[PDB]
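K.L.:
I'd like to ask some things about the structure below.
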Amino acid sequence: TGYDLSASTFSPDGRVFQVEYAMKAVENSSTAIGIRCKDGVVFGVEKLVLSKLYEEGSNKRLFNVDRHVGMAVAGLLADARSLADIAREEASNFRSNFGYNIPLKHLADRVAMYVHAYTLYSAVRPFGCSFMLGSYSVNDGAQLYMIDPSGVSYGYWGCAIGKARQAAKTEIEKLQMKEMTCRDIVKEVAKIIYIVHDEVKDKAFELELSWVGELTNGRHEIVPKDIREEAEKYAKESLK
Amino acid sequence: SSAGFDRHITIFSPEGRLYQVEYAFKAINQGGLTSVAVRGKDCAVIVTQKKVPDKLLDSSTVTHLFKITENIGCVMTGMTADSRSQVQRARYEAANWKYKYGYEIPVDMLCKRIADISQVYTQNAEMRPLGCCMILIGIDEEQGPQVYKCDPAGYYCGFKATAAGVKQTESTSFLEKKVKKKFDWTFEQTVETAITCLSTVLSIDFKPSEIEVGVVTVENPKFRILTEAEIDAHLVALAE
Amino acid sequence: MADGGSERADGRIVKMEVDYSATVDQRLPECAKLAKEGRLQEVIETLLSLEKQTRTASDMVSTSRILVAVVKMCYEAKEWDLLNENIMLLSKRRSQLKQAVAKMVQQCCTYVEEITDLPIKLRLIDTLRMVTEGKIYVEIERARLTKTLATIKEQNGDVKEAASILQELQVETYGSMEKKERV
Amino acid sequence: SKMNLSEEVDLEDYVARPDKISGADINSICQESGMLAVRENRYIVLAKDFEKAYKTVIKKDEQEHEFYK
Amino acid sequence: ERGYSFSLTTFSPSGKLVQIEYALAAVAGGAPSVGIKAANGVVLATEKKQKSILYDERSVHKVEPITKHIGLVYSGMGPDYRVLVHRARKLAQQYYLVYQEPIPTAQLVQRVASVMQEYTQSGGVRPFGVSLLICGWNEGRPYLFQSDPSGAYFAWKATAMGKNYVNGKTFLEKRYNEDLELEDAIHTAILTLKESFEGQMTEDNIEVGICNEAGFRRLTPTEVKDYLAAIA
């Protein structure tokens with residue numbers, strides 16, 4: 001042993017077990033999914049109810065970086081909201097320096113470099129977080145990026161992280177995101193997490209949905225209550 | 001062979017070795033990729049494959065080709081998180097060259113600077129040497145095209161044919177047989193040999209969607225990336 | 001498959017005498033694309049019977065007229081080039097050279113009676129290239145014997161061409177199991 | 001001295017190259033190349049069989065990591 | 001960030017600096033080279049084999065000039081060389097800005113050796129793994145110095161480093177004397193490189209630079225091929 005302590009020591013076959021351990025801690029976070037529709041991006045977070053003593057609307061795993069940029073996280077909540085702080089501050093540097101809104105390709109580049117900065121030293125640890133970023137532009141369409149604990153990002157028509165990663169993304173590809181205007185995306189995105197985290201594992205869960213596009217006028221906000229009540233209306237047709 | 005912490009940090013072995021960097025060489029081979037570059041008589045061709053496993057992932061966001069400057073492009077092998085950071089360093093150093101000197105940097109000078117930065121990580125006993133490789137091209141006055149490869153160890157040299165990745169030794173064994181006949185090489189000759197190199201070593205006979213080709217030519221010295229249409233034109237031109 | 005070459009041969013046997021062999025050179029690539037596959041066993045054999053037969057028809061035009069000495073080394077050099085165009089050693093080299101090159105030296109077995117010493121030794125160097133693999137390795141023998149004899153028959157029996165037989169005596173005892181004519 | 005070896009094939013081009021060659025493996029060089037000519041159905045050995053058979057036998061990459069020197 | 005602020009090299013109970021002892025083995029595994037001074041200038045010669053035919057030998061170099069009249073070669077590993085090369089390139093300029101005079105070679109060796117000893121004592125770094133050969137004809141007389149990873153230096157008449165230098169120094173002992181010429185040192189330098197060279201010694205298996213009263217320069221493969229020609 002001894003080859004798996006620092007973030008500066010390779011393995012004898014040449015890798016880092018620390019980053020793999022922090023990646024292993026991601027699959028104990030519950031589930032964070034999100035796809036882009038034809039004309040917008042919809043995030044989806046299911047949220048476990050630990051005790052009844054918590055208030056509804058507590059400790060949200062769904063963030064809001066810019067007026068248009070949205071964030072959904074999966075990992076350690078403190079490090080996640082820390083990354084939301086430096087990313088939000090970074091977009092404030094972009095608008096403060098250049099005078100317009102940051103694109104996702106630049107933003108995820110800067111955030112990913114900041115994550116990669118903590119992958120080199122014995123003085124710091126890697127983050128135990130992974131998260132998804134997506135927003136809409138009227139000049140650039142809609143984007144959808146995801147960032148691992150190591151600091152590698154990609155574009156996606158859809159992505160899924162949490163416990164049931166493969167058991168979530170297996171059903172996402174049944175959809176047709178290339179044409180659906182996210183109206184029905186709300187119901188289907190609701191259903192593909194309705195079919196997971198059974199009553200054996202979970203006592204009770206909570207739906208938490210985010211929503212952005214030019215139907216949202218470009219601005220990012222949460223879903224209204226009536227639409228997700230139509231999603232919960234769309235819930236119990238999965239028993240057939 | 002070993003004593004102390006030469007299995008852990010960047011110090012000397014009793015044999016005079018140092019195990020960390022040669023651990024980091026096969027970290028490139030953990031990327032699962034192999035790239036080929038060929039210098040022509042008046043041109044230079046970079047070619048490598050790409051693997052898009054899912055329809056949910058954006059195929060336009062997997063490019064390992066990177067435009068450093070208006071007349072300098074490069075390809076990255078190894079791991080993505082280190083590779084993109086090294087690209088950022090290369091862009092920054094090239095811009096600082098142009099500010100301090102008012103003309104375009106020579107590609108051997110740039111690769112020299114990147115090798116000097118890479119020297120520091122194995123030079124100290126603190127930092128994790130970036131496990132990713134580096135390959136560049138460049139058109140130079142009174143030199144034409146020229147190709148350089150920078151390793152994570154800080155060594156670099158000008159090549160004539162260039163292979164890097166998993167199938168590297170076999171590909172170089174092909175290319176030395178290709179170059180030892182010493183034929184004068186035109187554009188599509190270099191393209192055809194470049195494609196048949198990894199096409200015969202990897203033995204794929206692909207369709208034009210799984211690869212990417214960057215090129216530069218003495219006529220139009222701009223670094224450009226090929227369209228899959230003209231890639232198919234060279235492909236069926238290669239299929240006699 | 002085979003009927004395609006049968007109907008191109010059907011469509012072009014008129015064009016052998018009437019048309020010039022540059023279109024035969026424009027039939028070698030397509031029948032060479034048939035020489036790529038050979039999807040069935042006997043088909044490409046029956047093809048190269050026909051196209052190597054029309055090369056002998058280009059002998060029945062070319063080596064019948066004066067167009068001989070240049071077009072021979074045009075012919076067998078692109079026959080060996082045909083041995084490395086698509087598949088190596090005439091694509092398959094099974095059941096298909098026996099009807100090809102034995103027929104080439106059958107034609108030039110009927111032109112060794114015909115043509116004089118100025119191109120016929122060029123025909124000899126065109127057939128002594130098939131020694132190491134081509135002519136006598138599978139089925140041919142007893143056709144080399146009368147032309148290495150004919151090398152003696154040019155001067156009618158000197159010492160040195162009579163000594164030039166020694167290169168081919170002991171080896172092809174292995175080449176064909178036969179008890180009388182080889183002896 | 002026992003094969004056919006065509007007319008032209010140089011040996012000293014293979015003699016002059018360095019690295020750990022044994023006394024046993026040369027028999028596998030000429031032997032395997034002879035098997036390659038038999039595979040090609042050609043009773044006289046050419047140079048390409050030697051060039052394929054040599055790299056077929058030797059099989060070592062560089063073991064160097066050239067920046068050491 | 002910040003470093004470690006402790007030296008990773010201590011004294012043994014036998015009283016030895018073990019990392020420097022290993023660094024000398026890393027120098028001993030390096031490429032062989034030699035250098036000879038004879039009565040007009042110094043000849044440095046190295047042994048440079050490309051690992052394959054795919055390389056450009058005209059790209060990188062072993063013989064490196066430092067000023068108008070000082071060249072330098074090594075016998076060791078690659079990337080550690082260029083750094084202290086660039087350091088010495090700076091140090092000659094910080095001499096020249098003060099004094100408006102080309103630097104004495106010994107005064108260069110003082111500063112470079114001080115850099116190496118300071119670096120092997122400074123905290124949290126492995127020491128260098130090369131040894132150098134330094135040439136130059138300052139004030140008429142040529143000079144030839146050799147450093148080490150420990151930071152010392154010597155004033156050699158002629159010596160060799162790299163591989164089989166224990167044989168090469170015997171060959172130079174049975175070869176050289178005081179009275180020679182530059183081309184004679186060239187010829188016996190090609191001889192002592194041929195003592196341990198590979199089978200073929202072409203124009204690009206080596207790299208040779210020379211000093212004169214005219215100063216330091218570096219050869220081209222034309223006359224280097226003419227030096228390997230009519231040799232051995």
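Following the order of the structure tokens, first chain is A, next is B, and so on, with residues numbered from 1 inside each chain and ligands from 1 in the order they appear.
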Which polymer residues have any atom within 9 Å of an atom of segment 47-61 of chain A, counting only C-alpha atoms, with same-chain residues fewer than 2 positions away left out, as a PyMOL selection string?
P.N.:
chain A and resi 30-32+45+63+71-74+77+80-81+202-208
K.L.:
So that I have them on file, write out the residues from the current selection with N, CA and C atoms, as a PDB file, in the first residue's frame.
P.N.:
ATOM      1  N   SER A  30     -27.917  10.928  -4.551  1.00  0.00           N
ATOM      2  CA  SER A  30     -29.127  10.179  -4.883  1.00  0.00           C
ATOM      3  C   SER A  30     -29.320  10.012  -6.387  1.00  0.00           C
ATOM      4  N   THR A  31     -29.677  11.094  -7.087  1.00  0.00           N
ATOM      5  CA  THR A  31     -29.891  11.098  -8.535  1.00  0.00           C
ATOM      6  C   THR A  31     -30.009  12.526  -9.049  1.00  0.00           C
ATOM      7  N   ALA A  32     -29.194  12.884 -10.036  1.00  0.00           N
ATOM      8  CA  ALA A  32     -29.328  14.155 -10.735  1.00  0.00           C
ATOM      9  C   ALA A  32     -29.370  13.875 -12.226  1.00  0.00           C
ATOM     10  N   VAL A  45     -34.360  16.651 -10.412  1.00  0.00           N
ATOM     11  CA  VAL A  45     -33.733  16.168  -9.189  1.00  0.00           C
ATOM     12  C   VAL A  45     -34.800  15.505  -8.341  1.00  0.00           C
ATOM     13  N   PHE A  63     -29.259  24.580  -8.125  1.00  0.00           N
ATOM     14  CA  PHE A  63     -28.723  25.911  -7.910  1.00  0.00           C
ATOM     15  C   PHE A  63     -29.054  26.826  -9.075  1.00  0.00           C
ATOM     16  N   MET A  71     -27.644  25.245 -12.443  1.00  0.00           N
ATOM     17  CA  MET A  71     -26.762  24.223 -11.905  1.00  0.00           C
ATOM     18  C   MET A  71     -27.558  23.203 -11.109  1.00  0.00           C
ATOM     19  N   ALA A  72     -27.293  21.926 -11.371  1.00  0.00           N
ATOM     20  CA  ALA A  72     -27.787  20.828 -10.554  1.00  0.00           C
ATOM     21  C   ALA A  72     -26.589  19.985 -10.150  1.00  0.00           C
ATOM     22  N   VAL A  73     -26.525  19.605  -8.878  1.00  0.00           N
ATOM     23  CA  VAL A  73     -25.312  19.042  -8.307  1.00  0.00           C
ATOM     24  C   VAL A  73     -25.584  17.649  -7.755  1.00  0.00           C
ATOM     25  N   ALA A  74     -24.496  16.911  -7.532  1.00  0.00           N
ATOM     26  CA  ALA A  74     -24.566  15.593  -6.903  1.00  0.00           C
ATOM     27  C   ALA A  74     -23.222  15.312  -6.246  1.00  0.00           C
ATOM     28  N   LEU A  77     -22.565  18.616  -0.367  1.00  0.00           N
ATOM     29  CA  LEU A  77     -23.336  19.832  -0.589  1.00  0.00           C
ATOM     30  C   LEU A  77     -22.505  21.083  -0.358  1.00  0.00           C
ATOM     31  N   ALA A  80     -20.181  21.528  -3.244  1.00  0.00           N
ATOM     32  CA  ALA A  80     -21.004  21.855  -4.400  1.00  0.00           C
ATOM     33  C   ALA A  80     -21.390  23.327  -4.401  1.00  0.00           C
ATOM     34  N   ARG A  81     -21.889  23.827  -3.269  1.00  0.00           N
ATOM     35  CA  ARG A  81     -22.264  25.234  -3.221  1.00  0.00           C
ATOM     36  C   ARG A  81     -21.040  26.137  -3.210  1.00  0.00           C
ATOM     37  N   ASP A 202     -36.180   3.770  -0.638  1.00  0.00           N
ATOM     38  CA  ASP A 202     -36.575   5.062  -0.099  1.00  0.00           C
ATOM     39  C   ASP A 202     -37.883   4.935   0.667  1.00  0.00           C
ATOM     40  N   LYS A 203     -37.984   5.678   1.768  1.00  0.00           N
ATOM     41  CA  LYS A 203     -39.269   5.838   2.434  1.00  0.00           C
ATOM     42  C   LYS A 203     -40.192   6.715   1.597  1.00  0.00           C
ATOM     43  N   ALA A 204     -39.758   7.940   1.315  1.00  0.00           N
ATOM     44  CA  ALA A 204     -40.503   8.854   0.467  1.00  0.00           C
ATOM     45  C   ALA A 204     -39.526   9.836  -0.156  1.00  0.00           C
ATOM     46  N   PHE A 205     -39.874  10.316  -1.343  1.00  0.00           N
ATOM     47  CA  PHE A 205     -38.990  11.221  -2.058  1.00  0.00           C
ATOM     48  C   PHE A 205     -39.645  12.576  -2.254  1.00  0.00           C
ATOM     49  N   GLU A 206     -38.975  13.445  -2.999  1.00  0.00           N
ATOM     50  CA  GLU A 206     -39.535  14.738  -3.353  1.00  0.00           C
ATOM     51  C   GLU A 206     -39.080  15.097  -4.754  1.00  0.00           C
ATOM     52  N   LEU A 207     -40.032  15.489  -5.589  1.00  0.00           N
ATOM     53  CA  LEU A 207     -39.720  15.966  -6.921  1.00  0.00           C
ATOM     54  C   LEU A 207     -39.166  17.380  -6.851  1.00  0.00           C
ATOM     55  N   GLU A 208     -38.142  17.649  -7.655  1.00  0.00           N
ATOM     56  CA  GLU A 208     -37.542  18.980  -7.730  1.00  0.00           C
ATOM     57  C   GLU A 208     -37.092  19.189  -9.171  1.00  0.00           C
TER      58      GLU A 208
END
K.L.:
Can you tell me which residues surround residue 190 of chain E at a distance of at most 8 Å, considering only C-alpha atoms, apart from same-chain residues fewer than 4 positions away, and format the answer as a short mmCIF file (atom, residue, chain, number, x, y, z; two decimals) with C-alpha atoms, in the first residue's frame?
P.N.:
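This is the output file result36.cif:
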data_model
loop_
_atom_site.label_atom_id
_atom_site.label_comp_id
_atom_site.auth_asym_id
_atom_site.auth_seq_id
_atom_site.Cartn_x
_atom_site.Cartn_y
_atom_site.Cartn_z
CA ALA E 45 32.97 15.68 -29.20
CA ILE E 186 39.83 16.02 -33.67
CA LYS E 194 35.17 5.00 -32.00
CA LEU E 228 34.99 11.02 -40.11
CA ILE E 231 39.81 8.65 -40.03
CA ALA E 232 40.21 5.32 -38.18
#
K.L.:
Using only C-alpha atoms, determine which residues of chain D fall within 10 Å of chain E; present them as an mmCIF file with N, CA and C atoms, in the first residue's frame.
P.N.:
data_model
loop_
_atom_site.group_PDB
_atom_site.id
_atom_site.type_symbol
_atom_site.label_atom_id
_atom_site.label_comp_id
_atom_site.auth_asym_id
_atom_site.auth_seq_id
_atom_site.Cartn_x
_atom_site.Cartn_y
_atom_site.Cartn_z
ATOM 1 N N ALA D 16 24.450 -6.496 -39.767
ATOM 2 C CA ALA D 16 24.938 -5.252 -39.188
ATOM 3 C C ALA D 16 24.029 -4.689 -38.106
ATOM 4 N N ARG D 17 22.811 -5.181 -37.972
ATOM 5 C CA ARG D 17 21.964 -4.601 -36.947
ATOM 6 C C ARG D 17 22.286 -5.184 -35.573
ATOM 7 N N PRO D 18 22.251 -4.353 -34.537
ATOM 8 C CA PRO D 18 22.623 -4.799 -33.188
ATOM 9 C C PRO D 18 21.553 -5.608 -32.472
ATOM 10 N N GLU D 62 11.856 -0.561 -27.568
ATOM 11 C CA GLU D 62 13.127 0.147 -27.477
ATOM 12 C C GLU D 62 13.768 -0.107 -26.117
ATOM 13 N N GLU D 64 13.958 1.975 -23.772
ATOM 14 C CA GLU D 64 14.942 3.043 -23.667
ATOM 15 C C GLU D 64 14.477 4.230 -22.843
ATOM 16 N N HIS D 65 13.362 4.862 -23.224
ATOM 17 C CA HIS D 65 12.917 6.163 -22.712
ATOM 18 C C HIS D 65 14.033 7.201 -22.852
ATOM 19 N N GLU D 66 14.266 7.546 -24.123
ATOM 20 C CA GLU D 66 15.485 8.164 -24.649
ATOM 21 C C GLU D 66 15.983 9.402 -23.908
ATOM 22 N N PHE D 67 15.141 10.064 -23.115
ATOM 23 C CA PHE D 67 15.557 11.247 -22.374
ATOM 24 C C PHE D 67 16.547 10.942 -21.258
ATOM 25 N N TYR D 68 16.763 9.664 -20.920
ATOM 26 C CA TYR D 68 17.807 9.300 -19.968
ATOM 27 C C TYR D 68 19.183 9.704 -20.465
ATOM 28 N N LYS D 69 19.402 9.646 -21.770
ATOM 29 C CA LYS D 69 20.640 10.129 -22.350
ATOM 30 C C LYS D 69 20.335 11.284 -23.286
#
K.L.:
As an exercise, work out the distance from atom CA of residue 197 of chain B to atom CA of residue 88 of chain C in Å and give it to one decimal place.
P.N.:
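Straight-line distance from atom CA of residue 197 of chain B to atom CA of residue 88 of chain C works out to 19.8 Å.
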K.L.:
Restricting the calculation to only C-alpha atoms, which member of B:47, B:236, B:216, B:111 is positioned closest to chain E?
P.N.:
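With only C-alpha atoms as the atom set, the closest residue is B:111.
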K.L.:
Residues at most 8 Å from residue 6 of chain A, counting only C-alpha atoms, excluding those fewer than 3 positions away in the same chain, as a PyMOL selection string?
P.N.:
chain A and resi 3+9+18+121-122
K.L.:
Could the residues in this selection be written to a file with C-alpha atoms, as a compact mmCIF listing (two decimals), in the first residue's frame?
P.N.:
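What landed in out39.txt:
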# COMPACT_ATOMS: atom_id res chain seq x y z
CA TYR A 3 0.49 4.48 -3.19
CA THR A 9 1.54 10.19 -6.22
CA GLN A 18 -7.83 9.48 -4.66
CA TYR A 121 -1.11 18.66 -4.63
CA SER A 122 -0.73 16.93 -1.31
K.L.:
Identify every residue of chain B that has at least one atom within 10 Å of any atom of chain E, counting only C-alpha atoms, and report the result as number ranges by chain.
P.N.:
B: 9-18, 108, 112, 115-116, 118-120, 122-127, 146-148, 153-162, 172-173, 175-177, 179-180
K.L.:
So that I can check the secondary structure, give me every residue of segment 95-178 of chain B assigned strand (DSSP E) by backbone DSSP, as a list in words.
P.N.:
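Those in segment 95-178 of chain B that DSSP calls strand (DSSP E) are residues 132, 133, 134, 135, 136, 137, 138, 139, 140, 144, 145, 146, 147, 148, 149, 150, 156, 157, 158, 159, 161, 162, 163, 164 and 165 of chain B.
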K.L.:
Atoms to include: N, CA, C and O atoms. Write the selected residues as an mmCIF file, in the first residue's frame.
P.N.:
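Saved as again-v1.cif:
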data_model
loop_
_atom_site.group_PDB
_atom_site.id
_atom_site.type_symbol
_atom_site.label_atom_id
_atom_site.label_comp_id
_atom_site.auth_asym_id
_atom_site.auth_seq_id
_atom_site.Cartn_x
_atom_site.Cartn_y
_atom_site.Cartn_z
ATOM 1 N N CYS B 132 -0.001 13.397 -19.925
ATOM 2 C CA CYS B 132 -0.543 13.552 -21.268
ATOM 3 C C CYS B 132 0.573 14.028 -22.184
ATOM 4 O O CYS B 132 1.510 14.693 -21.741
ATOM 5 N N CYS B 133 0.464 13.688 -23.463
ATOM 6 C CA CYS B 133 1.512 13.996 -24.419
ATOM 7 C C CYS B 133 1.127 15.205 -25.266
ATOM 8 O O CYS B 133 0.070 15.812 -25.081
ATOM 9 N N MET B 134 1.985 15.547 -26.225
ATOM 10 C CA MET B 134 1.876 16.807 -26.947
ATOM 11 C C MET B 134 2.479 16.649 -28.333
ATOM 12 O O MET B 134 3.622 16.203 -28.457
ATOM 13 N N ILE B 135 1.719 17.006 -29.368
ATOM 14 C CA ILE B 135 2.165 16.932 -30.758
ATOM 15 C C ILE B 135 1.713 18.197 -31.473
ATOM 16 O O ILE B 135 0.541 18.576 -31.380
ATOM 17 N N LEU B 136 2.633 18.845 -32.186
ATOM 18 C CA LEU B 136 2.337 20.090 -32.871
ATOM 19 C C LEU B 136 2.737 20.007 -34.337
ATOM 20 O O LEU B 136 3.476 19.114 -34.756
ATOM 21 N N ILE B 137 2.241 20.968 -35.111
ATOM 22 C CA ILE B 137 2.650 21.171 -36.492
ATOM 23 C C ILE B 137 2.974 22.644 -36.678
ATOM 24 O O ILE B 137 2.748 23.466 -35.791
ATOM 25 N N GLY B 138 3.497 22.974 -37.855
ATOM 26 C CA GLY B 138 3.795 24.357 -38.158
ATOM 27 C C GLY B 138 4.483 24.597 -39.484
ATOM 28 O O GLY B 138 5.402 23.867 -39.867
ATOM 29 N N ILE B 139 4.043 25.631 -40.191
ATOM 30 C CA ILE B 139 4.670 26.079 -41.425
ATOM 31 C C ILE B 139 5.649 27.180 -41.063
ATOM 32 O O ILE B 139 5.276 28.156 -40.402
ATOM 33 N N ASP B 140 6.898 27.030 -41.485
ATOM 34 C CA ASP B 140 7.933 27.998 -41.170
ATOM 35 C C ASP B 140 8.663 28.412 -42.436
ATOM 36 O O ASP B 140 8.908 27.586 -43.320
ATOM 37 N N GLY B 144 9.515 25.236 -44.279
ATOM 38 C CA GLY B 144 8.310 24.574 -44.708
ATOM 39 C C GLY B 144 7.532 24.021 -43.537
ATOM 40 O O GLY B 144 7.482 24.615 -42.456
ATOM 41 N N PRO B 145 6.919 22.862 -43.727
ATOM 42 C CA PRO B 145 6.271 22.190 -42.604
ATOM 43 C C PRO B 145 7.302 21.547 -41.699
ATOM 44 O O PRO B 145 8.405 21.201 -42.129
ATOM 45 N N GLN B 146 6.928 21.401 -40.431
ATOM 46 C CA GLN B 146 7.747 20.712 -39.445
ATOM 47 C C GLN B 146 6.869 20.292 -38.276
ATOM 48 O O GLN B 146 5.914 20.988 -37.927
ATOM 49 N N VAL B 147 7.189 19.137 -37.699
ATOM 50 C CA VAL B 147 6.369 18.483 -36.688
ATOM 51 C C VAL B 147 7.229 18.221 -35.461
ATOM 52 O O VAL B 147 8.362 17.743 -35.578
ATOM 53 N N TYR B 148 6.691 18.531 -34.285
ATOM 54 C CA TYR B 148 7.389 18.314 -33.030
ATOM 55 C C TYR B 148 6.482 17.583 -32.054
ATOM 56 O O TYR B 148 5.265 17.785 -32.041
ATOM 57 N N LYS B 149 7.091 16.731 -31.236
ATOM 58 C CA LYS B 149 6.391 16.014 -30.181
ATOM 59 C C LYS B 149 7.035 16.332 -28.845
ATOM 60 O O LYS B 149 8.251 16.201 -28.699
ATOM 61 N N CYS B 150 6.224 16.726 -27.871
ATOM 62 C CA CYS B 150 6.685 16.949 -26.509
ATOM 63 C C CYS B 150 6.097 15.885 -25.594
ATOM 64 O O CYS B 150 4.885 15.654 -25.602
ATOM 65 N N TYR B 156 11.929 16.611 -26.412
ATOM 66 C CA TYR B 156 11.244 16.910 -27.655
ATOM 67 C C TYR B 156 12.213 16.785 -28.814
ATOM 68 O O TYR B 156 13.425 16.933 -28.644
ATOM 69 N N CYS B 157 11.663 16.531 -29.998
ATOM 70 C CA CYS B 157 12.475 16.401 -31.197
ATOM 71 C C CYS B 157 11.608 16.633 -32.423
ATOM 72 O O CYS B 157 10.394 16.415 -32.403
ATOM 73 N N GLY B 158 12.259 17.079 -33.495
ATOM 74 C CA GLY B 158 11.587 17.192 -34.773
ATOM 75 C C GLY B 158 11.536 15.848 -35.474
ATOM 76 O O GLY B 158 12.515 15.105 -35.518
ATOM 77 N N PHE B 159 10.367 15.521 -35.997
ATOM 78 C CA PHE B 159 10.176 14.230 -36.630
ATOM 79 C C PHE B 159 9.953 14.431 -38.121
ATOM 80 O O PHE B 159 9.961 15.550 -38.636
ATOM 81 N N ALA B 161 7.863 11.412 -39.654
ATOM 82 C CA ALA B 161 6.605 10.742 -39.390
ATOM 83 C C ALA B 161 6.456 10.621 -37.884
ATOM 84 O O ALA B 161 7.447 10.562 -37.151
ATOM 85 N N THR B 162 5.213 10.600 -37.424
ATOM 86 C CA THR B 162 4.956 10.718 -35.998
ATOM 87 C C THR B 162 3.780 9.840 -35.617
ATOM 88 O O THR B 162 2.707 9.945 -36.216
ATOM 89 N N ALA B 163 3.984 8.988 -34.621
ATOM 90 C CA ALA B 163 2.910 8.200 -34.046
ATOM 91 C C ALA B 163 2.973 8.313 -32.534
ATOM 92 O O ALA B 163 4.053 8.410 -31.949
ATOM 93 N N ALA B 164 1.801 8.307 -31.908
ATOM 94 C CA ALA B 164 1.718 8.354 -30.457
ATOM 95 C C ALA B 164 0.417 7.711 -30.021
ATOM 96 O O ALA B 164 -0.621 7.910 -30.658
ATOM 97 N N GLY B 165 0.480 6.949 -28.938
ATOM 98 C CA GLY B 165 -0.702 6.309 -28.412
ATOM 99 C C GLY B 165 -0.486 4.851 -28.079
ATOM 100 O O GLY B 165 0.633 4.438 -27.765
#
K.L.:
Going by DSSP on the backbone, which residues of chain C come out as alpha helix (DSSP H)? List them as an MDAnalysis selection string.
P.N.:
chainID C and resid 3:12 14:17 28:37 41:62 69:83 101:107 120:127 144:155
K.L.:
Using only C-alpha atoms, determine which residues of chain C fall within 12 Å of chain D; present them as a list in words.
P.N.:
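Per the criterion, chain C yields residues 88, 89, 90, 91, 92, 93, 94, 130, 131, 132, 133, 134, 135, 136, 137, 138, 171, 172, 174 and 175 of chain C.
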K.L.:
Report as a VMD selection string the set of chain C residues whose atoms approach chain B to within 12 Å, with distances computed over only C-alpha atoms.
P.N.:
chain C and resid 29 to 30 32 to 33 36 85 to 86
K.L.:
Write out as a list in words every residue belonging to chain A that has an atom at most 12 Å from any atom of chain E, counting only C-alpha atoms.
P.N.:
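Interface list for chain A against chain E: residues 117, 118, 120, 121, 122, 123 and 124 of chain A.
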K.L.:
Restricting the calculation to only C-alpha atoms, which member of E:166, E:189, E:135, E:160 is positioned closest to residue 207 of chain E?
P.N.:
E:189
K.L.:
Given only C-alpha atoms, how would the per-residue table for chain B near chain A read, listing every residue at most 10 Å away with its closest atom pair and distance in Å to one decimal, sorted by chain and number, as a tab-separated table?
P.N.:
residue	atom	partner	partner_atom	distance
B:7	CA	A:12	CA	7.8
B:8	CA	A:9	CA	5.9
B:9	CA	A:9	CA	6.8
B:10	CA	A:9	CA	9.4
B:19	CA	A:12	CA	8.6
B:20	CA	A:10	CA	6.9
B:21	CA	A:14	CA	9.2
B:22	CA	A:14	CA	8.6
B:23	CA	A:14	CA	4.9
B:24	CA	A:14	CA	5.6
B:25	CA	A:14	CA	8.0
B:26	CA	A:14	CA	6.6
B:27	CA	A:14	CA	5.4
B:28	CA	A:14	CA	9.2
B:29	CA	A:14	CA	9.7
B:30	CA	A:14	CA	8.5
B:54	CA	A:173	CA	9.0
B:55	CA	A:173	CA	7.5
B:56	CA	A:157	CA	4.7
B:57	CA	A:156	CA	4.2
B:58	CA	A:156	CA	4.9
B:59	CA	A:155	CA	8.0
B:60	CA	A:155	CA	7.9
B:61	CA	A:155	CA	5.6
B:62	CA	A:154	CA	7.3
B:79	CA	A:152	CA	9.2
B:80	CA	A:152	CA	6.5
B:81	CA	A:152	CA	5.5
B:82	CA	A:116	CA	7.8
B:84	CA	A:113	CA	8.5
B:85	CA	A:113	CA	6.8
B:88	CA	A:113	CA	9.4
B:125	CA	A:8	CA	9.3
B:126	CA	A:8	CA	6.9
B:127	CA	A:8	CA	5.8
B:128	CA	A:8	CA	4.6
B:129	CA	A:8	CA	8.2
B:130	CA	A:120	CA	8.7
B:131	CA	A:14	CA	8.8
K.L.:
With a distance cut-off of 10 Å and only C-alpha atoms, select the neighbouring residues of residue 229 of chain E, excluding the residue or stretch itself and same-chain residues fewer than 5 positions from it, and output the selection as a VMD selection string.
P.N.:
chain E and resid 201 to 203 223 to 224
K.L.:
Just want the 9 Å neighbourhood of residue 164 of chain C, counted on only C-alpha atoms, with same-chain residues fewer than 5 positions away dropped. Output as a ChimeraX atom specification.
P.N.:
/C:148,151-152,159
K.L.:
Near residue 213 of chain A, within 12 Å and counting only C-alpha atoms, which residues show up once chain neighbours fewer than 3 positions away are dropped, as a count of residues only?
P.N.:
33
